[PDB]
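Taken in order, these protein sequences are the chains called AJ, AE, AI, AA, AB, Af and AK.
For the first sequence, PDB author numbering gives the first residue as 8, with consecutive numbering after it.
Numbered per PDB author numbering, the second sequence spans residues 79 to 94, 103 to 110.
Numbered per PDB author numbering, the third sequence spans residues 41 to 47, 56 to 78.
Numbered per PDB author numbering, the fourth sequence spans residues 44 to 256, 267 to 312, 337 to 480.
For the fifth sequence, PDB author numbering gives the first residue as 36, with consecutive numbering after it.
For the sixth sequence, PDB author numbering gives the first residue as 14, with consecutive numbering after it.
For the seventh sequence, PDB author numbering gives the first residue as 2, with consecutive numbering after it.
In what follows, a single structure is set out as C-alpha cells and then discussed.
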Amino acid sequence: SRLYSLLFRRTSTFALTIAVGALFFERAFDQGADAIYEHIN
Amino acid sequence: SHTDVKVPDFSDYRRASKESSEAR
Amino acid sequence: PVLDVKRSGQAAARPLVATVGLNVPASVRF
Amino acid sequence: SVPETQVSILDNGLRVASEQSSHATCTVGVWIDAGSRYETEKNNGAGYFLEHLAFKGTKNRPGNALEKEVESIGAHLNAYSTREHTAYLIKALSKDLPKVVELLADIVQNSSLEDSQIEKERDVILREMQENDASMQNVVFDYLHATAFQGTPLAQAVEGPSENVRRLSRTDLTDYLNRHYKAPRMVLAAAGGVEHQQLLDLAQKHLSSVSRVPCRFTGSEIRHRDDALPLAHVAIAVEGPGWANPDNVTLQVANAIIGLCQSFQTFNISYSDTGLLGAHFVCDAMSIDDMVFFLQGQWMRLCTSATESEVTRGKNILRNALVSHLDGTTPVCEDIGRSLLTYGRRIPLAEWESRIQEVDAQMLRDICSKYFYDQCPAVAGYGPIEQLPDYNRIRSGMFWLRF
Amino acid sequence: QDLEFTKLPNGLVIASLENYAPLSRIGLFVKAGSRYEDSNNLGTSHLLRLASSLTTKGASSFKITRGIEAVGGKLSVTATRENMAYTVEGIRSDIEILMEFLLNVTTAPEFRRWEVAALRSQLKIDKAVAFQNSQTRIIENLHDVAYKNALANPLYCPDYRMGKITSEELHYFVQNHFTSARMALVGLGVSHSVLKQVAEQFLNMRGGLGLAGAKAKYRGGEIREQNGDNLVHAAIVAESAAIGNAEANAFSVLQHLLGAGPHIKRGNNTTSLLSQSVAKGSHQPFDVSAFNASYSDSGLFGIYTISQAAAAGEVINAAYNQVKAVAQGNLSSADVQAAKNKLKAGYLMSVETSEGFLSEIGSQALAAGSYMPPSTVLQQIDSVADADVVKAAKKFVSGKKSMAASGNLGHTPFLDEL
Amino acid sequence: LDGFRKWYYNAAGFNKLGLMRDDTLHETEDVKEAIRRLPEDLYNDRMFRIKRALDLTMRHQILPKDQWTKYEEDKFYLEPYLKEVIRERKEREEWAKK
Amino acid sequence: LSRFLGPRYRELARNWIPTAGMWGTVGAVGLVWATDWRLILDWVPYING
C-alpha cells in the first residue's frame with residue numbers, strides 16, 4: 008500500500024517510477040534475454 | 079417508487103476498508 | 041419552460065413575501 | 044459569551060440537556076438513536092410508520108384529544124426521521140413547559156398504535172411514496188445511498204420499500220418501539236426560555252420510566278434513465294470521515310469554497350464513522366458532462382492549488398453559517414439533541430471557532446487529497462442522463478495527470 | 036439591553052439593540068412595495084428587488100458580491116406589497132463594510148442599462164420559480180380581483196412588462212419612494228451610535244416624504260384559472276380591518292379560531308372549526324385554512340381551500356357555513372382562549388429568531404414609528420374579546436367577496452351560488 | 014501640437030472613409046464588451062459607418078472632401094464605455110492577484 | 002506582466018513547484034535513457050555496463 012501512496016498515486020511520480028524503471032529494465036531485460044539466447048545456441 | 083428494489087448483488091464480481107483500497 | 045431549476057401543498061393563510069438576494073436561495077412565504 | 048449547554052443524566056440513561064436563553068418560547072425535543080440503519084430489511088419502514096402513528100393517540104390521551112391538548116396551548120408539534128436519528132420536538136411557550144414534557148413522555152412511551160390507524164397510515168405512507176418519486180433530488184440521493192452502501196443497512200431508505208410498508212403489523216412496530224427506544228439512547232433537549240433544574244425535575248417525574256436495555270462505501274454507479282423528464286439531477290460523492298473525526302470541519306471549509338448547472342449544492346452527510354461527501358446538481362441534458370468536468374476540476378484544484386484567500390473566505394462562510402444557524406430555539410435544540418447523540422457532548426461555538434481558525438490552506442489541500450484525490454465515487458443520476466459520462470471518465474476525472 | 040430609538044430630523048428612524056450576538060444583523064426598511072406603482076410602471080419593484088447586486092456609486096457589482104462573500108456575510112431583499120427590506124448579516128468585525136455595501140445599495144444606485152438588460156431574463160426565471168406552486172398564483176389572482184388600483188398590483192412582473200422596464204423607471208421609483216421619511220434602519224448586535232453615523236453619511240441626503248400612494252379601493256369579483264391541476268385551489272376573501280385597529284386583532288383571533296396552519300405533523304389539525312366542518316362530511320384529502328392579509332389602509336380576510344376537484348364545491352360551502360356559524364354567535368369561550376394562546380405563541384415564535392426580530396422591529400418602525408414590546412402586544416391580543424371576534428366574522432360574511440380559483444373548476448361554485 | 018495632430022489625423026486617412034477614431038479600434042475582449050454596452054442608435058451608426066468604409070475600400074474610392082470626418086468633429090463615443098470595461102477588468106484582475 | 006506579479010499568484014506557484022520539478026526529473030531520466038546519454042548513464046550504480 009505504501010508504494011501506491013508514494014510513487015504510483017501522484018501522476019508526476021507515476022511517470023518518474025515508469026521512466027526510472029524503464030531505464031533499468033533495459034539493462035536487466037537485455038542481460039537476461041541474452042543469457043537465454045546464448046544458452047539456446 | 080425509487081426504494082422498491084435494492085442494488086443488485088455484485089458478489090460474484092466484488093472483490094474480497104480504506105486499508106485495502108490503497109493496495110487495490 | 042423548465043422553470044429553470046424545478047422543485056408544497058400547504059395552503060396559504062398569510063400574505064406573501066418574495067425574497068431574493070446574494071445568497072443562492074430565493075422563494076416566497078405566506 | 045454564548046451560554047453553555049448543561050447536560051445531566053437520569054438513572055435511565057436519558058441525558059436531559061438544556062440551554063436556557065431569554066426567548067420566552069422553547070423547543071423541547073426527544074432525540075433517539077434509531078433510524079433505518081438499525082433496521083434489518085424485515086422492518087425497513089418501522090421507524091417511518093411509527094413516526095406517522097406517534098401523534099394519533101396514546102393510552103392516557105386516546106386519539107385526537109391528545110392533539111387537542113397541543114392545540115390548546117397553541118404549540119407546534121413536529122417529528123422527523125433520518126437514517127440514524129429520530130426526533131420528536133415541540134415548540135411552545137415557556138410557561139407551558141411541564142405539560143409539553145408530559146406530552147413528549149406519552150409520545151415516547153405509553154404510545155398507542157391503533158389497528159384502525161395502521162391501515163389509514165399505511166394508505167397515507169403508501170400513497171406518499173407512490174408520489175414521493177416525484178421529488179427528484181430525493182430519488183437521486185436515495186440512489187446515491189443505495190449504490191454507495193450496497194449490501195449494508197445504510198443503502199435502505201428511511202421510508203422503506205412499498206413491500207414492507209404494506210406488510211407491517213402492530214407487533215412488529217411494537218418491537219421496533221420496544222427495541223430501539225431505550226433510555227440510554229435518548230436525549231431530552233431543551234432550548235430557549237427553560238430552567239435546567241425544572242426540566243430535570245420534569246424528566247425525573249415523567250420519562251423516568253423509559254426502559255434501560267461494518268459500514269462500507271462501494272465506489273459504484275446507478276443510472277435511472279427516463280428521457281421524458283425536463284431536467285436531470287446528478288449526485289457524485291466520496292466516502293466521508295464520520296461524526297467524530299475533526300477534519301470534517303476542514304472539509305466543511307472546502308465545501309464553503311465550492312458553495337454551470339442550474340443548481341449546484343455541496344453536501345457532507347455524516348453517519349457513525351462513515352458518510353457521503355460530494356455534490357448534487359440538476360441540469361439540462363446537453364450540459365451534464367460539462368458540469369461534471371467543471372466540478373471535478375474544482376475538487377482537484379482544492380487538492381492541488383488551494384490559496385489562502387479562498388481558505389479565508391471559506392472559513393468566514395463556515396463561521397457565519399454555523400452561527401447563523403443555531404439562532405432560533407428549534408435550530409438550537411436540534412443541535413443539542415444531535416450533539417448528545419453523536420458526539421456525546423455539546424460542542425460549544427468557541428471550540429468550533431478554534432477548530433475553524435486552526436484550518437489553513439496546507440492542511441485543507443492535505444485533507445482534500447486524503448478524501449477526494451484518486452478515490453472511487455458513487456454516482457446517482459435521474460432524468461435525461463445519456464450524456465452523463467460513465468464510470469471510467471468520472472474516475473479519470475478524479476485525478477490529474479499533471480498532479 | 037433594551038431597544039433604543041431615535042427619529043432623525045430628516046425623518047429617518049434609527050433602532051438598535053446590542054445583545055452581543057456573534058453574528059449581527061442590520062436591515063433597512065423602506066415603504067416602497069408594489070402598491071406604489073401604477074399601470075405605467077408595473078413590475079418595477081420586482082426588478083428593483085432583483086437589482087440589489089448592481090453597480091452603485093461607491094462600489095461595483097464585482098466589489099459588492101466579492102466583498103460580501105469574502106467575509107461570508109449575507110445580503111437579502113424581502114418585499115411585501117407595502118414594504119421593502121434590505122438586510123445584511125455577518126460577523127461584528129465586518130459589519131462596517133457590510134453597512135458600507137448596504138447603504139450604498141439603498142442610497143446611491145446607478146442602474147446601468149446593460150445591467151438591467153441582463154437582469155430581465157433573471158426576472159423571468161424568478162417569476163417562473165415563484166409560480167411553480169399554486170398558492171402563489173392564487174393569492175396574486177385573489178389580490179388582483181379583490182382590489183382596483185393599489186394592492187391589486189402583483190409582486191411579480193407581468194409577462195408583457197419584461198423587456199420594457201428601463202433604467203429611468205427604476206431611477207424614478209427610487210427617487211420618489213426611497214426618501215428618509217419612509218425609512219427605518221434597524222440593527223441587532225450593533226451599537227446605536229454607529230447606526231446614526233451611517234445614517235448621516237447615508238440615508239440623510241434623500242429626505243423628502245416622497246410620492247404619496249393612492250388609497251386602495253375594493254372591487255370584489257372573481258378570477259378563475261382552468262389549468263387541469265390535480266387539486267382545486269380556491270380563495271374567497273372580503274374586505275377587513277387595516278393596520279392600526281383593534282379589529283385587526285379581532286380578525287387575527289378569528290383566523291386562529293378558524294384554523295391557521297397545522298401544529299402537529301401529519302395532524303388533522305383537529306380543532307380548526309373549518310377542518311372539523313369539512314371532515315365531518317368529506318373523506319377526500321383536503322386543506323382548509325383562514326387567510327388574513329392586512330395592510331396599512333385595507334385588509335383581506337377569508338378562507339383558503341385545497342381539495343379534489345369533484346368535492347371542491349360542498350367543501351367550500353362547508354367552510355363558508357362554518358364561518359356563518361361564527362357569524363351567528365355559535366362559539367365557546369374556551370375556543371377563543373385557545374385561539375388567543377395560538378396567536379400569541381405564534382407571535383412569540385415569530386420574534387424568537389434574529390431575522391424575524393429584526394423584521395418586526397423594522398415593520399413597527401415604518402408602521403407606527405414606535406416599538407411595541409412583545410409584552411404589550413400580549414395584553415392587547417387579550418383585549419380582543421369573544422364578541423369582537425364574532426363581529427369581524429359578520430364583516431366577512433357580509434362584505435363583497437373576491438374569489439380566486441384555479442384547477443379543474445367544473446364543480447367549483449361561483450360567488451352568487453356560494 | 015494641435016496643428017500637428019490635425020496633420021497626423023489627415024495623414025492617417027480613416028476620416029476619408031467617413032470613420033470615427035473609435036471605429037478603428039481592434040475588437041479585443043474589452044472592446045467587444047464596450048461595443049455591447051453601447052446604446053442602439055450609436056451601435057447602428059457605427060455598423061453603418063463600418064459597412065460604408067468596407068464598401069468604399071472594395072471600390073477603392075474615398076468620400077468627397079466635404080463628407081470627410083473633421084478631426085474636430087470626431088466623437089470618442091466608445092471611449093467612455095471602454096474605460097469602464099478596462100477599469101472593471103483591472104479590478105477583477107487585482108482581486109485575483111490578491 | 003502586471004497580473005502575474007501577485008501574492009496568491011506566488012503562493013500558487015510555490016504550491017506548484019514540487020510537481021514541476023518532478024516532471025522535469027521524469028524528462029531528465031528519459032533523455033538520459035532514451036538517447037542513451039552516456040555521460041549520465043555511466044554514473045548509474047546498476048545499469049552501468
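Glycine included, C-beta positions come from ideal geometry on N, C-alpha and C.
For residue 479 (chain AA), the chain AK residues whose C-beta falls within less than 8 Å of its own C-beta are 20 and 24, listed in chain order. Within the same chain, 379 come within 7 Å of residue 413 (chain AB) by CB-CB distance, once the 5 residues on both sides are set aside. Of all residues in the stretch 399-410 of chain AA, none comes within less than 7 Å of chain AI when Cβ atoms are compared.
For residue 68 (chain AI), the enclosing beta strand (DSSP E) begins and ends at 65-69.
Straight-line spacing of the CA atoms in residue 176 (chain AB) and residue 308 (chain AB) works out to 26 Å. Looking at the backbone, the Cα of residue 43 (chain AB) and that of residue 408 (chain AB) are separated by about 22 Å. Among the CB atoms of chain AI, none fall inside 7 Å of the CB of residue 247 (chain AA).
Close to chain AE, meaning a Cβ-Cβ distance shorter than 7 Å, are the following residues of the stretch 179-193 of chain AA: 182, 185, 186, 189, 190 and 193. As the crow flies, the alpha-carbon of residue 41 (chain AJ) is around 11 Å from that of residue 34 (chain AJ).
Around the beta carbon of residue 47 (chain AI), fewer than 16 other beta carbons sit within 10 angstroms, so the residue counts as exposed.
The shortest C-alpha to C-alpha distance from residue 356 (chain AA) to any of AA:309, AA:154, AA:166 and AA:389 is the one to AA:309.
Listed along the chain, the chain AI residues whose CB falls inside 7 Å of the CB of residue 355 (chain AB) amount to none; the nearest CB is some 16 Å away. Around residue 9 (chain AK), the beta-carbon contacts reaching into chain Af at under 9 Å are 109, 110 and 111. Note on geometry: alpha-carbon atoms of residue 361 (chain AA) and residue 283 (chain AA) lie some 7 Å from one another. At a cut-off of 7 Å between C-beta atoms, residue 72 (chain AI) does not count as an interface residue with respect to chain AB.
Within 8 Å of the CB of residue 59 (chain Af), no CB atom of chain AB is found; the nearest one sits about 16 Å away. One finds nothing in chain AJ with a Cβ atom closer than 9 Å to the Cβ of residue 300 (chain AA); even the nearest lies about 17 Å away. Residue 233 (chain AA) and residue 77 (chain AA) have their C-alpha atoms roughly 20 Å apart. In the structure shown, residue 433 (chain AA) falls within a helical segment according to DSSP collapsed to helix, strand and coil. At a beta-carbon threshold of 7 Å, the residues of chain AB lying near residue 101 (chain Af) are 95 and 97, ordered along the chain. Identification of chain AK residues near residue 384 (chain AA) by a Cβ-Cβ cut-off of 7 Å yields 9, 12 and 13, ordered along the chain. The C-beta distance from residue 50 (chain AA) to residue 60 (chain AA) rounds to 4 Å, short enough to fall under 8 Å. In terms of Cα proximity to residue 99 (chain AA), the closest of AA:80, AA:85 and AA:121 is AA:121.
The shortest C-alpha to C-alpha distance from residue 164 (chain AA) to any of AA:88, AA:46, AA:461 and AA:363 is the one to AA:88. Under the 7 Å criterion on CB atoms, residue 105 (chain Af) is classed as interfacial with respect to chain AB. In the DSSP assignment, residue 144 (chain AB) forms a beta bridge with AB:91. Exclusion of the five residues before and after residue 259 (chain AB) leaves 440 and 444 as the residues of its chain whose Cβ lies within less than 6 Å of its Cβ. In this structure, the beta-carbon distance from residue 302 (chain AB) to residue 324 (chain AB) does not fall below 7 Å. At a C-beta separation below 7 Å, residue 451 (chain AA) has these neighbours in chain AJ: 16. Contact check for residue 399 (chain AA) and residue 429 (chain AA): beta-carbon distance about 6 Å, within the 8 Å limit, so the pair qualifies.
A residue is called buried when at least 16 other Cβ atoms come within 10 angstroms of its Cβ; residue 64 (chain Af) does not meet this threshold and is exposed. The count of Cβ pairs closer than 8 Å, one atom from the stretch 25-36 of chain AK and one from the stretch 19-28 of chain AJ, reaches three, so the stretches are in contact. Around the beta carbon of residue 131 (chain AA), 16 or more other beta carbons lie within 10 angstroms, which makes this residue buried.
Between residue 82 (chain AE) and chain AA, the shortest Cβ-Cβ separation is below 7 Å.
DSSP places residue 244 (chain AB) in the coil class of the three-state scheme, outside both helix and strand. Contact with chain AE is absent for residue 446 (chain AA), since none of that chain's Cβ atoms lies less than 7 Å from the residue's Cβ.
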